[PDB]
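Single chain ahead, written as structure tokens, the form deposited in one PDB entry.
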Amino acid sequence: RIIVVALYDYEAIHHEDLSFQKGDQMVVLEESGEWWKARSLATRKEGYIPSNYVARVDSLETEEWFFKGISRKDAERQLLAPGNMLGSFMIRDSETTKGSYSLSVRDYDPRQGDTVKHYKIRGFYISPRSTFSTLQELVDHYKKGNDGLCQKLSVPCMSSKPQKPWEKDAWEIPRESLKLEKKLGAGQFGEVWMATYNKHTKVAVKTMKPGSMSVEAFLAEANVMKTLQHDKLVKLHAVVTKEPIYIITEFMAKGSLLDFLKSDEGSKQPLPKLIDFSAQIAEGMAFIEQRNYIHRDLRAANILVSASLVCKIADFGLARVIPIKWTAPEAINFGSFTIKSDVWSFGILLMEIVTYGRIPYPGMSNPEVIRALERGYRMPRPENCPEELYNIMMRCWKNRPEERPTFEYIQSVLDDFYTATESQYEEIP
């Protein structure tokens, strides 16, 4: 017997899936990955449920202040989101001290403004002065005035329902299931439409126009990208095998990063949040790097922004199934695309972000640039760019692609850009 409990509200949208309120319990009957067959205890109905909407009874995940599988940087982003205030906190798996837990607390500071400070927890305790049998008790105490903390505990971090998992056994779907409602953009290779999958589900469809490339071999290449899932890559949901091929991805509410930075709201975005974007793209490129693959076309036009202002990477694994200002020299000439050729493109993308979407090398045509890259000309630093940030672009713009950084390093440098190493966690006597 395995009892689980709902963490959020879910209304059914399919045939054999269940509806449940927050707090409903149910018996796990089958573990089919993203979807589980369960029998509700409230309605006694047997059906399918999203496994990422429930957890085992009286687990820590059930608790409103606990956050599973979240990094220190995500915990920082989640707390500095709108809807939280002074004292807003969370308890999470310690990213560094594995098998243990850390506490992230929102705090204000005149020097910078809102910040997130992190304390490690070691029965548990932070300072030997105060011992605690369990976390909830430990929480309660620190809600009663800051016992050494930078602030007194107020409310757990605001969380929203995760994205509903895709329909089961629906990697290949008929076109009839779709209603392409609005053309978002078109190009030399096809159109990107925003659509709807059998009502209830809002998707975006990339219509791949008929060609030589992968007529019967697209599904093959495309089936690999499906296994390269990441929180910072655009999620591939479904595919239409009948030519013209349709690619169903998740809908990114605020379009491309390029169009977004050129937007009004985008122009309002300050500098530390632009670097936050960069650190997200770098996080995604660090994954493609770990899988020893390649994106082949990094630019703001290929970065999408969610409604929550989360940057994700598209298309990826598309240039291998079919423009040079973002391209490194050793690919313009020798046609050699490495993971380091993307590093160059990231440096360009970085500048593209700091300049709010300004075209690289402005008032400077393509041929008038290639002959400068041989001289050693690089784009200059603008007034609004940190010296230590232009420093990174230049490292991405090294002539030797071997002495260019890794995305693993680039991400780490961008994640704690305003944080000194020693200041990551707080000391307490």
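Under this definition, the rigid core comprises the largest set of C-alpha atoms superposing within 1.5 Å between the forms. All residue numbers refer to positions in the sequence shown, first residue = 1.
There is also a form deposited in another entry; it is not shown, and the following applies to it.
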query: Residue from 48, 397, 390, 65 whose Cα, after superposing the rigid core, lies 2 Å or more away between this form and the one not shown; finding: 48
query: Rigid core superposition, residue 32 Cα moves 2 angstroms or more between this form and the one not shown; finding: yes
query: Flag for residue 17, CA shift 2 Å or larger between this form and the one not shown after aligning core; finding: yes
query: Yes/no, residue 307 Cα shift of 2 Å or more between this form and the one not shown with rigid core fixed; finding: no
